[PDB]
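Q: A single structure is presented below for examination.
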Protein chains: 2
Amino acid sequence: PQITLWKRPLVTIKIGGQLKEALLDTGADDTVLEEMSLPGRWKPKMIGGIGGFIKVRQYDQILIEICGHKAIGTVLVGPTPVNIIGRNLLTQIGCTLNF
Amino acid sequence: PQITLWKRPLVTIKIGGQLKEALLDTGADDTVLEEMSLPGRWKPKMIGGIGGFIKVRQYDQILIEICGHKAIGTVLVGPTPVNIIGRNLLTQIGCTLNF
Ligand SMILES: CC(C)[C@H](NC(=O)[C@H](C)NC(=O)OCc1ccccc1)C(=O)N[C@@H](Cc1ccccc1)[C@@H](O)[C@H](O)[C@H](Cc1ccccc1)NC(=O)[C@@H](NC(=O)[C@H](C)NC(=O)OCc1ccccc1)C(C)C
């Protein structure tokens with residue numbers, strides 16, 4: 001798809017057998033999802049943004065389907081108000097910005 | 001340009017006679033710049049992100065050059081660690097996401 005930016009670029013993701021909406025986010029280094037249960041071990045991690053820093057759980061080698069495109073990557077889980085697809089996964093699906 | 005996402009999508013902007021680097025950010029509703037002096041009246045505004053909220057100053061009808069492309073828009077100024085070009089201006093320069 002070619003996605004204009006008049007609205008928030010939300011797409012459908014499938015992760016852990018569940019369907020969610022997520023923002024395609026060129027300003028995010030990492031992928032950060034709201035609280036959900038993922039199978040596996042994890043490491044604590046801190047991420048920063050506007051207004052400060054949150055603690056998240058890091059999971060590696062997680063399968064995600066982003067608009068029908070499969071990617072495997074590190075996914076962070078924690079108290080974010082919106083599901084974020086960051087650059088670690090955007091490069092895997094061949095996502096570019098064009099103007 | 002076509003911009004891949006292996007690194008942070010930083011571009012040159014010119015604003016108020018000054019040269020800066022700014023992130024092209026599809027996850028930002030608004031454009032948010034580090035502290036600088038802009039001529040004109042302003043309105044207080046709050047914006048939110050990961051880790052909380054911040055107070056910013058809002059300026060309207062500000063001329064910005066993003067990579068040689070001129071746009072006029074609302075620019076927010078406040079304590080952000082990185083200059084953000086958000087969707088209000090990305091639509092004006094015809095910027096799309098593609099995969
Ligand atoms: C998502 C995070 C992982 C991301 N942070 C990172 O990538 C950081 C650098 N990573 C990181 O921490 O790496 C490890 C590390 C460790 C030690 C030291 C340094 C780093 C981030 O917050 N990035 C933001 C920019 C930023 C980065 C660093 C520092 C400061 C700011 C936006 O690009 C990012 O796109 C977010 C994503 C997002 C969207 C929606 C909700 C929450 C988060 N958008 C935003 O924060 C934008 N807000 C919005 O667009 C909101 C949604 N609209 C809004 O506020 O409208 C008015 C409103 C008023 C009242 C109620 C509701 C709305 C903002 C830039 C304009």
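Labeling convention for the structure tokens: chains A, B, ... as they appear, residues from 1 per chain, ligands from 1 in order of appearance.
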Taking only C-alpha atoms into account, what are the residues of chain A at most 7 Å from chain B, put as a list in words?
A: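 Only these qualify: residues 1, 2, 3, 4, 5, 6, 23, 24, 25, 26, 27, 48, 49, 50, 51, 52, 53, 54, 80, 87, 91, 93, 94, 95, 96, 97, 98 and 99 of chain A.
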Q: Can you pull out the residues contacting residue 38 of chain B? Cut-off 12 Å, using only C-alpha atoms, and skip same-chain residues under 6 positions away; I want them as number ranges by chain.
A: B: 15-18, 57-64, 74-78
Q: Please write out chain A, superposed on chain B by least squares over all C-alpha atoms matched in order, as a PDB file with N, CA and C atoms, in the first residue's frame.
A:
ATOM      1  N   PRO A   1      12.686  12.660  -2.397  1.00  0.00           N
ATOM      2  CA  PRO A   1      13.488  11.517  -1.972  1.00  0.00           C
ATOM      3  C   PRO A   1      12.645  10.320  -1.545  1.00  0.00           C
ATOM      4  N   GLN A   2      13.202   9.132  -1.718  1.00  0.00           N
ATOM      5  CA  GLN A   2      12.713   7.932  -1.093  1.00  0.00           C
ATOM      6  C   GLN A   2      13.662   7.646   0.072  1.00  0.00           C
ATOM      7  N   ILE A   3      13.128   7.539   1.285  1.00  0.00           N
ATOM      8  CA  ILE A   3      13.913   7.422   2.514  1.00  0.00           C
ATOM      9  C   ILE A   3      13.632   6.039   3.148  1.00  0.00           C
ATOM     10  N   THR A   4      14.638   5.149   3.138  1.00  0.00           N
ATOM     11  CA  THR A   4      14.579   3.891   3.920  1.00  0.00           C
ATOM     12  C   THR A   4      14.708   4.164   5.427  1.00  0.00           C
ATOM     13  N   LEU A   5      14.477   3.142   6.240  1.00  0.00           N
ATOM     14  CA  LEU A   5      14.359   3.402   7.662  1.00  0.00           C
ATOM     15  C   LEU A   5      15.406   2.691   8.524  1.00  0.00           C
ATOM     16  N   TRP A   6      16.531   2.294   7.891  1.00  0.00           N
ATOM     17  CA  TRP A   6      17.670   1.670   8.602  1.00  0.00           C
ATOM     18  C   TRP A   6      18.245   2.630   9.635  1.00  0.00           C
ATOM     19  N   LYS A   7      18.242   3.920   9.325  1.00  0.00           N
ATOM     20  CA  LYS A   7      18.499   4.907  10.357  1.00  0.00           C
ATOM     21  C   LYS A   7      17.311   5.814  10.562  1.00  0.00           C
ATOM     22  N   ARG A   8      17.433   6.649  11.589  1.00  0.00           N
ATOM     23  CA  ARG A   8      16.426   7.678  11.873  1.00  0.00           C
ATOM     24  C   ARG A   8      16.302   8.561  10.638  1.00  0.00           C
ATOM     25  N   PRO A   9      15.061   8.785  10.181  1.00  0.00           N
ATOM     26  CA  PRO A   9      14.815   9.669   9.050  1.00  0.00           C
ATOM     27  C   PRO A   9      14.967  11.174   9.420  1.00  0.00           C
ATOM     28  N   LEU A  10      16.215  11.633   9.561  1.00  0.00           N
ATOM     29  CA  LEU A  10      16.508  13.052   9.834  1.00  0.00           C
ATOM     30  C   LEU A  10      16.704  13.842   8.546  1.00  0.00           C
ATOM     31  N   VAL A  11      16.089  15.014   8.458  1.00  0.00           N
ATOM     32  CA  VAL A  11      16.293  15.885   7.344  1.00  0.00           C
ATOM     33  C   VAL A  11      16.628  17.296   7.840  1.00  0.00           C
ATOM     34  N   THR A  12      17.144  18.107   6.929  1.00  0.00           N
ATOM     35  CA  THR A  12      17.443  19.515   7.191  1.00  0.00           C
ATOM     36  C   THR A  12      16.197  20.371   7.054  1.00  0.00           C
ATOM     37  N   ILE A  13      15.970  21.213   8.055  1.00  0.00           N
ATOM     38  CA  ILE A  13      14.881  22.192   8.021  1.00  0.00           C
ATOM     39  C   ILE A  13      15.500  23.575   8.193  1.00  0.00           C
ATOM     40  N   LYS A  14      14.857  24.559   7.585  1.00  0.00           N
ATOM     41  CA  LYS A  14      15.197  25.931   7.823  1.00  0.00           C
ATOM     42  C   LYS A  14      13.949  26.575   8.371  1.00  0.00           C
ATOM     43  N   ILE A  15      14.135  27.275   9.500  1.00  0.00           N
ATOM     44  CA  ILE A  15      13.071  27.906  10.237  1.00  0.00           C
ATOM     45  C   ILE A  15      13.629  29.111  11.017  1.00  0.00           C
ATOM     46  N   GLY A  16      13.017  30.268  10.786  1.00  0.00           N
ATOM     47  CA  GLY A  16      13.386  31.492  11.472  1.00  0.00           C
ATOM     48  C   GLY A  16      14.786  31.944  11.158  1.00  0.00           C
ATOM     49  N   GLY A  17      15.222  31.745   9.909  1.00  0.00           N
ATOM     50  CA  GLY A  17      16.601  31.999   9.536  1.00  0.00           C
ATOM     51  C   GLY A  17      17.637  30.981  10.028  1.00  0.00           C
ATOM     52  N   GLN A  18      17.200  29.912  10.697  1.00  0.00           N
ATOM     53  CA  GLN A  18      18.129  28.926  11.300  1.00  0.00           C
ATOM     54  C   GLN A  18      18.000  27.520  10.706  1.00  0.00           C
ATOM     55  N   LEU A  19      19.127  26.825  10.687  1.00  0.00           N
ATOM     56  CA  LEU A  19      19.232  25.500  10.112  1.00  0.00           C
ATOM     57  C   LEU A  19      19.213  24.509  11.218  1.00  0.00           C
ATOM     58  N   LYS A  20      18.322  23.530  11.119  1.00  0.00           N
ATOM     59  CA  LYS A  20      18.213  22.459  12.098  1.00  0.00           C
ATOM     60  C   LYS A  20      18.023  21.110  11.460  1.00  0.00           C
ATOM     61  N   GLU A  21      18.230  20.060  12.238  1.00  0.00           N
ATOM     62  CA  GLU A  21      17.872  18.705  11.800  1.00  0.00           C
ATOM     63  C   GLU A  21      16.619  18.282  12.510  1.00  0.00           C
ATOM     64  N   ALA A  22      15.755  17.579  11.786  1.00  0.00           N
ATOM     65  CA  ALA A  22      14.477  17.157  12.345  1.00  0.00           C
ATOM     66  C   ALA A  22      14.099  15.769  11.849  1.00  0.00           C
ATOM     67  N   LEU A  23      13.353  15.058  12.683  1.00  0.00           N
ATOM     68  CA  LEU A  23      12.881  13.732  12.367  1.00  0.00           C
ATOM     69  C   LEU A  23      11.531  13.765  11.648  1.00  0.00           C
ATOM     70  N   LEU A  24      11.412  13.036  10.525  1.00  0.00           N
ATOM     71  CA  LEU A  24      10.130  12.887   9.846  1.00  0.00           C
ATOM     72  C   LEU A  24       9.325  11.794  10.554  1.00  0.00           C
ATOM     73  N   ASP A  25       8.213  12.178  11.154  1.00  0.00           N
ATOM     74  CA  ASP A  25       7.651  11.330  12.179  1.00  0.00           C
ATOM     75  C   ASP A  25       6.173  11.066  11.906  1.00  0.00           C
ATOM     76  N   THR A  26       5.863   9.884  11.331  1.00  0.00           N
ATOM     77  CA  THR A  26       4.485   9.514  11.044  1.00  0.00           C
ATOM     78  C   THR A  26       3.629   9.251  12.287  1.00  0.00           C
ATOM     79  N   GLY A  27       4.262   9.014  13.435  1.00  0.00           N
ATOM     80  CA  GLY A  27       3.535   8.852  14.698  1.00  0.00           C
ATOM     81  C   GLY A  27       3.253  10.143  15.460  1.00  0.00           C
ATOM     82  N   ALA A  28       3.629  11.297  14.900  1.00  0.00           N
ATOM     83  CA  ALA A  28       3.328  12.569  15.552  1.00  0.00           C
ATOM     84  C   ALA A  28       2.161  13.294  14.839  1.00  0.00           C
ATOM     85  N   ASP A  29       1.099  13.615  15.591  1.00  0.00           N
ATOM     86  CA  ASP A  29       0.000  14.449  15.051  1.00  0.00           C
ATOM     87  C   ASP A  29       0.553  15.813  14.666  1.00  0.00           C
ATOM     88  N   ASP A  30       1.397  16.385  15.526  1.00  0.00           N
ATOM     89  CA  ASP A  30       1.877  17.758  15.419  1.00  0.00           C
ATOM     90  C   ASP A  30       3.395  17.834  15.231  1.00  0.00           C
ATOM     91  N   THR A  31       3.864  19.040  14.925  1.00  0.00           N
ATOM     92  CA  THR A  31       5.254  19.354  14.748  1.00  0.00           C
ATOM     93  C   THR A  31       5.797  20.046  15.986  1.00  0.00           C
ATOM     94  N   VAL A  32       6.836  19.476  16.569  1.00  0.00           N
ATOM     95  CA  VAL A  32       7.323  19.927  17.859  1.00  0.00           C
ATOM     96  C   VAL A  32       8.830  20.118  17.762  1.00  0.00           C
ATOM     97  N   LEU A  33       9.257  21.348  18.019  1.00  0.00           N
ATOM     98  CA  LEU A  33      10.629  21.765  17.885  1.00  0.00           C
ATOM     99  C   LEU A  33      11.182  22.114  19.253  1.00  0.00           C
ATOM    100  N   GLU A  34      12.486  21.897  19.413  1.00  0.00           N
ATOM    101  CA  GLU A  34      13.161  22.291  20.631  1.00  0.00           C
ATOM    102  C   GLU A  34      12.977  23.800  20.849  1.00  0.00           C
ATOM    103  N   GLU A  35      13.274  24.248  22.071  1.00  0.00           N
ATOM    104  CA  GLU A  35      13.297  25.671  22.411  1.00  0.00           C
ATOM    105  C   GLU A  35      14.062  26.531  21.390  1.00  0.00           C
ATOM    106  N   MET A  36      13.358  27.515  20.854  1.00  0.00           N
ATOM    107  CA  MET A  36      13.951  28.520  20.002  1.00  0.00           C
ATOM    108  C   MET A  36      13.031  29.722  20.065  1.00  0.00           C
ATOM    109  N   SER A  37      13.535  30.867  19.619  1.00  0.00           N
ATOM    110  CA  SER A  37      12.748  32.094  19.594  1.00  0.00           C
ATOM    111  C   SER A  37      12.050  32.202  18.252  1.00  0.00           C
ATOM    112  N   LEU A  38      10.738  32.328  18.317  1.00  0.00           N
ATOM    113  CA  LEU A  38       9.995  32.621  17.125  1.00  0.00           C
ATOM    114  C   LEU A  38       9.246  33.919  17.347  1.00  0.00           C
ATOM    115  N   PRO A  39       9.255  34.773  16.325  1.00  0.00           N
ATOM    116  CA  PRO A  39       8.474  35.998  16.369  1.00  0.00           C
ATOM    117  C   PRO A  39       6.992  35.641  16.398  1.00  0.00           C
ATOM    118  N   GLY A  40       6.204  36.423  17.133  1.00  0.00           N
ATOM    119  CA  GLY A  40       4.745  36.309  17.087  1.00  0.00           C
ATOM    120  C   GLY A  40       4.081  35.995  18.413  1.00  0.00           C
ATOM    121  N   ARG A  41       2.752  36.082  18.421  1.00  0.00           N
ATOM    122  CA  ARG A  41       1.944  35.677  19.560  1.00  0.00           C
ATOM    123  C   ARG A  41       1.875  34.145  19.598  1.00  0.00           C
ATOM    124  N   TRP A  42       1.487  33.577  20.739  1.00  0.00           N
ATOM    125  CA  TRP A  42       1.333  32.129  20.875  1.00  0.00           C
ATOM    126  C   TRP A  42       0.303  31.743  21.925  1.00  0.00           C
ATOM    127  N   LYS A  43      -0.148  30.490  21.862  1.00  0.00           N
ATOM    128  CA  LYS A  43      -1.102  29.924  22.810  1.00  0.00           C
ATOM    129  C   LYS A  43      -0.436  28.744  23.543  1.00  0.00           C
ATOM    130  N   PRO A  44      -0.709  28.590  24.837  1.00  0.00           N
ATOM    131  CA  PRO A  44      -0.279  27.393  25.561  1.00  0.00           C
ATOM    132  C   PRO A  44      -1.027  26.170  25.041  1.00  0.00           C
ATOM    133  N   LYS A  45      -0.354  25.023  25.081  1.00  0.00           N
ATOM    134  CA  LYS A  45      -0.928  23.770  24.625  1.00  0.00           C
ATOM    135  C   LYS A  45      -0.227  22.631  25.353  1.00  0.00           C
ATOM    136  N   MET A  46      -0.917  21.511  25.529  1.00  0.00           N
ATOM    137  CA  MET A  46      -0.315  20.301  26.123  1.00  0.00           C
ATOM    138  C   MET A  46      -0.252  19.192  25.061  1.00  0.00           C
ATOM    139  N   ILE A  47       0.857  18.464  24.995  1.00  0.00           N
ATOM    140  CA  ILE A  47       0.900  17.274  24.154  1.00  0.00           C
ATOM    141  C   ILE A  47       1.341  16.070  24.951  1.00  0.00           C
ATOM    142  N   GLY A  48       0.862  14.902  24.556  1.00  0.00           N
ATOM    143  CA  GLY A  48       1.239  13.674  25.242  1.00  0.00           C
ATOM    144  C   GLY A  48       2.048  12.716  24.400  1.00  0.00           C
ATOM    145  N   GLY A  49       2.761  11.853  25.103  1.00  0.00           N
ATOM    146  CA  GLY A  49       3.500  10.766  24.488  1.00  0.00           C
ATOM    147  C   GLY A  49       3.767   9.649  25.467  1.00  0.00           C
ATOM    148  N   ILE A  50       4.765   8.827  25.156  1.00  0.00           N
ATOM    149  CA  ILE A  50       5.285   7.812  26.068  1.00  0.00           C
ATOM    150  C   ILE A  50       5.803   8.499  27.367  1.00  0.00           C
ATOM    151  N   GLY A  51       5.405   8.007  28.522  1.00  0.00           N
ATOM    152  CA  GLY A  51       5.884   8.622  29.757  1.00  0.00           C
ATOM    153  C   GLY A  51       5.178   9.883  30.240  1.00  0.00           C
ATOM    154  N   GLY A  52       4.276  10.432  29.438  1.00  0.00           N
ATOM    155  CA  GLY A  52       3.447  11.514  29.921  1.00  0.00           C
ATOM    156  C   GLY A  52       3.202  12.698  29.014  1.00  0.00           C
ATOM    157  N   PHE A  53       2.894  13.857  29.618  1.00  0.00           N
ATOM    158  CA  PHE A  53       2.422  15.065  28.901  1.00  0.00           C
ATOM    159  C   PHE A  53       3.323  16.288  29.183  1.00  0.00           C
ATOM    160  N   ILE A  54       3.708  17.045  28.138  1.00  0.00           N
ATOM    161  CA  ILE A  54       4.498  18.272  28.285  1.00  0.00           C
ATOM    162  C   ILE A  54       3.685  19.501  27.864  1.00  0.00           C
ATOM    163  N   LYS A  55       4.082  20.660  28.378  1.00  0.00           N
ATOM    164  CA  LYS A  55       3.497  21.937  27.966  1.00  0.00           C
ATOM    165  C   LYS A  55       4.371  22.542  26.870  1.00  0.00           C
ATOM    166  N   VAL A  56       3.735  23.055  25.826  1.00  0.00           N
ATOM    167  CA  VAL A  56       4.436  23.634  24.688  1.00  0.00           C
ATOM    168  C   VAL A  56       3.802  24.962  24.300  1.00  0.00           C
ATOM    169  N   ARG A  57       4.521  25.729  23.492  1.00  0.00           N
ATOM    170  CA  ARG A  57       4.009  26.972  22.941  1.00  0.00           C
ATOM    171  C   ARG A  57       3.599  26.756  21.502  1.00  0.00           C
ATOM    172  N   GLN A  58       2.385  27.157  21.168  1.00  0.00           N
ATOM    173  CA  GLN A  58       1.896  26.995  19.828  1.00  0.00           C
ATOM    174  C   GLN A  58       1.981  28.275  19.003  1.00  0.00           C
ATOM    175  N   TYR A  59       2.637  28.176  17.846  1.00  0.00           N
ATOM    176  CA  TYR A  59       2.705  29.232  16.843  1.00  0.00           C
ATOM    177  C   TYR A  59       2.032  28.835  15.515  1.00  0.00           C
ATOM    178  N   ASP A  60       1.126  29.682  15.023  1.00  0.00           N
ATOM    179  CA  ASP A  60       0.458  29.449  13.740  1.00  0.00           C
ATOM    180  C   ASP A  60       1.109  30.178  12.590  1.00  0.00           C
ATOM    181  N   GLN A  61       0.822  29.684  11.389  1.00  0.00           N
ATOM    182  CA  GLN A  61       1.263  30.277  10.132  1.00  0.00           C
ATOM    183  C   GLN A  61       2.753  30.536  10.164  1.00  0.00           C
ATOM    184  N   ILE A  62       3.503  29.501  10.537  1.00  0.00           N
ATOM    185  CA  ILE A  62       4.963  29.554  10.529  1.00  0.00           C
ATOM    186  C   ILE A  62       5.462  28.903   9.232  1.00  0.00           C
ATOM    187  N   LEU A  63       6.390  29.596   8.555  1.00  0.00           N
ATOM    188  CA  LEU A  63       7.083  29.103   7.376  1.00  0.00           C
ATOM    189  C   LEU A  63       8.224  28.169   7.756  1.00  0.00           C
ATOM    190  N   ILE A  64       8.223  26.966   7.191  1.00  0.00           N
ATOM    191  CA  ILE A  64       9.313  26.008   7.367  1.00  0.00           C
ATOM    192  C   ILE A  64       9.771  25.454   6.019  1.00  0.00           C
ATOM    193  N   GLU A  65      11.065  25.336   5.843  1.00  0.00           N
ATOM    194  CA  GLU A  65      11.562  24.630   4.693  1.00  0.00           C
ATOM    195  C   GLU A  65      12.053  23.248   5.147  1.00  0.00           C
ATOM    196  N   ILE A  66      11.436  22.184   4.609  1.00  0.00           N
ATOM    197  CA  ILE A  66      11.781  20.790   4.951  1.00  0.00           C
ATOM    198  C   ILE A  66      12.378  20.176   3.713  1.00  0.00           C
ATOM    199  N   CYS A  67      13.691  19.986   3.717  1.00  0.00           N
ATOM    200  CA  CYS A  67      14.390  19.439   2.575  1.00  0.00           C
ATOM    201  C   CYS A  67      13.978  20.201   1.313  1.00  0.00           C
ATOM    202  N   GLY A  68      14.121  21.526   1.356  1.00  0.00           N
ATOM    203  CA  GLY A  68      13.906  22.373   0.173  1.00  0.00           C
ATOM    204  C   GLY A  68      12.436  22.571  -0.187  1.00  0.00           C
ATOM    205  N   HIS A  69      11.528  21.896   0.506  1.00  0.00           N
ATOM    206  CA  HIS A  69      10.083  22.060   0.300  1.00  0.00           C
ATOM    207  C   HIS A  69       9.483  22.995   1.337  1.00  0.00           C
ATOM    208  N   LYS A  70       8.952  24.125   0.884  1.00  0.00           N
ATOM    209  CA  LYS A  70       8.290  25.104   1.764  1.00  0.00           C
ATOM    210  C   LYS A  70       6.900  24.662   2.198  1.00  0.00           C
ATOM    211  N   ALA A  71       6.623  24.810   3.485  1.00  0.00           N
ATOM    212  CA  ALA A  71       5.302  24.563   4.064  1.00  0.00           C
ATOM    213  C   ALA A  71       4.973  25.684   5.045  1.00  0.00           C
ATOM    214  N   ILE A  72       3.690  25.987   5.232  1.00  0.00           N
ATOM    215  CA  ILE A  72       3.277  26.956   6.262  1.00  0.00           C
ATOM    216  C   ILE A  72       2.349  26.220   7.229  1.00  0.00           C
ATOM    217  N   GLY A  73       2.604  26.332   8.530  1.00  0.00           N
ATOM    218  CA  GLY A  73       1.805  25.574   9.467  1.00  0.00           C
ATOM    219  C   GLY A  73       1.981  25.928  10.909  1.00  0.00           C
ATOM    220  N   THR A  74       1.264  25.196  11.749  1.00  0.00           N
ATOM    221  CA  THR A  74       1.389  25.313  13.186  1.00  0.00           C
ATOM    222  C   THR A  74       2.594  24.516  13.627  1.00  0.00           C
ATOM    223  N   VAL A  75       3.405  25.169  14.443  1.00  0.00           N
ATOM    224  CA  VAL A  75       4.614  24.598  14.944  1.00  0.00           C
ATOM    225  C   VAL A  75       4.533  24.766  16.450  1.00  0.00           C
ATOM    226  N   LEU A  76       4.829  23.700  17.192  1.00  0.00           N
ATOM    227  CA  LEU A  76       4.873  23.744  18.650  1.00  0.00           C
ATOM    228  C   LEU A  76       6.323  23.802  19.116  1.00  0.00           C
ATOM    229  N   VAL A  77       6.560  24.550  20.188  1.00  0.00           N
ATOM    230  CA  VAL A  77       7.910  24.694  20.682  1.00  0.00           C
ATOM    231  C   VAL A  77       7.914  24.403  22.160  1.00  0.00           C
ATOM    232  N   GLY A  78       8.857  23.577  22.595  1.00  0.00           N
ATOM    233  CA  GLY A  78       8.950  23.188  23.978  1.00  0.00           C
ATOM    234  C   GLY A  78      10.050  22.171  24.202  1.00  0.00           C
ATOM    235  N   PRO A  79      10.038  21.536  25.372  1.00  0.00           N
ATOM    236  CA  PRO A  79      11.181  20.760  25.825  1.00  0.00           C
ATOM    237  C   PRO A  79      11.210  19.361  25.244  1.00  0.00           C
ATOM    238  N   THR A  80      11.470  19.255  23.945  1.00  0.00           N
ATOM    239  CA  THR A  80      11.547  17.944  23.305  1.00  0.00           C
ATOM    240  C   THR A  80      13.031  17.716  23.074  1.00  0.00           C
ATOM    241  N   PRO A  81      13.498  16.482  23.158  1.00  0.00           N
ATOM    242  CA  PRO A  81      14.932  16.203  22.926  1.00  0.00           C
ATOM    243  C   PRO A  81      15.338  16.134  21.459  1.00  0.00           C
ATOM    244  N   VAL A  82      14.354  16.172  20.570  1.00  0.00           N
ATOM    245  CA  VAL A  82      14.605  16.042  19.148  1.00  0.00           C
ATOM    246  C   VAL A  82      13.531  16.860  18.453  1.00  0.00           C
ATOM    247  N   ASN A  83      13.903  17.491  17.350  1.00  0.00           N
ATOM    248  CA  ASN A  83      12.968  18.233  16.533  1.00  0.00           C
ATOM    249  C   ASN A  83      12.088  17.218  15.772  1.00  0.00           C
ATOM    250  N   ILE A  84      10.774  17.422  15.820  1.00  0.00           N
ATOM    251  CA  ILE A  84       9.792  16.504  15.220  1.00  0.00           C
ATOM    252  C   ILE A  84       9.014  17.199  14.114  1.00  0.00           C
ATOM    253  N   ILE A  85       9.059  16.639  12.915  1.00  0.00           N
ATOM    254  CA  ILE A  85       8.076  17.033  11.874  1.00  0.00           C
ATOM    255  C   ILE A  85       6.921  16.040  11.920  1.00  0.00           C
ATOM    256  N   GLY A  86       5.727  16.530  12.253  1.00  0.00           N
ATOM    257  CA  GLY A  86       4.563  15.663  12.417  1.00  0.00           C
ATOM    258  C   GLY A  86       3.688  15.727  11.184  1.00  0.00           C
ATOM    259  N   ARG A  87       2.546  15.061  11.279  1.00  0.00           N
ATOM    260  CA  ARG A  87       1.661  14.850  10.128  1.00  0.00           C
ATOM    261  C   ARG A  87       1.046  16.122   9.580  1.00  0.00           C
ATOM    262  N   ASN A  88       0.793  17.128  10.415  1.00  0.00           N
ATOM    263  CA  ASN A  88       0.267  18.396   9.900  1.00  0.00           C
ATOM    264  C   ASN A  88       1.132  19.007   8.762  1.00  0.00           C
ATOM    265  N   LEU A  89       2.442  18.781   8.823  1.00  0.00           N
ATOM    266  CA  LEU A  89       3.343  19.310   7.827  1.00  0.00           C
ATOM    267  C   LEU A  89       3.728  18.291   6.793  1.00  0.00           C
ATOM    268  N   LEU A  90       3.840  17.019   7.183  1.00  0.00           N
ATOM    269  CA  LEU A  90       4.121  15.915   6.236  1.00  0.00           C
ATOM    270  C   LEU A  90       3.088  15.844   5.088  1.00  0.00           C
ATOM    271  N   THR A  91       1.809  16.093   5.374  1.00  0.00           N
ATOM    272  CA  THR A  91       0.795  16.117   4.290  1.00  0.00           C
ATOM    273  C   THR A  91       1.023  17.262   3.323  1.00  0.00           C
ATOM    274  N   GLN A  92       1.553  18.395   3.813  1.00  0.00           N
ATOM    275  CA  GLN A  92       1.792  19.545   2.936  1.00  0.00           C
ATOM    276  C   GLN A  92       2.906  19.325   1.936  1.00  0.00           C
ATOM    277  N   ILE A  93       3.897  18.531   2.301  1.00  0.00           N
ATOM    278  CA  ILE A  93       4.996  18.256   1.391  1.00  0.00           C
ATOM    279  C   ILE A  93       4.750  16.969   0.575  1.00  0.00           C
ATOM    280  N   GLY A  94       3.563  16.376   0.710  1.00  0.00           N
ATOM    281  CA  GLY A  94       3.179  15.225  -0.104  1.00  0.00           C
ATOM    282  C   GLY A  94       3.891  13.948   0.347  1.00  0.00           C
ATOM    283  N   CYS A  95       4.163  13.853   1.635  1.00  0.00           N
ATOM    284  CA  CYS A  95       4.880  12.701   2.135  1.00  0.00           C
ATOM    285  C   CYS A  95       3.958  11.448   2.323  1.00  0.00           C
ATOM    286  N   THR A  96       4.352  10.287   1.779  1.00  0.00           N
ATOM    287  CA  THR A  96       3.578   9.024   1.934  1.00  0.00           C
ATOM    288  C   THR A  96       4.450   7.896   2.471  1.00  0.00           C
ATOM    289  N   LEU A  97       3.835   6.919   3.114  1.00  0.00           N
ATOM    290  CA  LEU A  97       4.520   5.668   3.472  1.00  0.00           C
ATOM    291  C   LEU A  97       4.203   4.594   2.446  1.00  0.00           C
ATOM    292  N   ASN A  98       5.208   3.813   2.068  1.00  0.00           N
ATOM    293  CA  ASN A  98       5.072   2.856   0.996  1.00  0.00           C
ATOM    294  C   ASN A  98       5.701   1.540   1.374  1.00  0.00           C
ATOM    295  N   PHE A  99       4.970   0.457   1.164  1.00  0.00           N
ATOM    296  CA  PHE A  99       5.522  -0.875   1.317  1.00  0.00           C
ATOM    297  C   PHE A  99       4.718  -1.830   0.484  1.00  0.00           C
TER     298      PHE A  99
END
Q: Could you write out, as JSON, numbers by chain, all the residues of segment 3-90 of chain A that DSSP marks as strand (DSSP E or B)?
A: {"A": [3, 10, 11, 12, 13, 14, 15, 18, 19, 20, 21, 22, 23, 24, 32, 33, 43, 44, 45, 46, 47, 48, 49, 52, 53, 54, 55, 56, 57, 58, 59, 60, 61, 62, 63, 64, 65, 66, 69, 70, 71, 72, 73, 74, 75, 76, 77, 84, 85]}
Q: Among segment 40-98 of chain A, which residues carry a DSSP assignment of alpha helix (DSSP H), reported as number ranges by chain?
A: A: 87-90
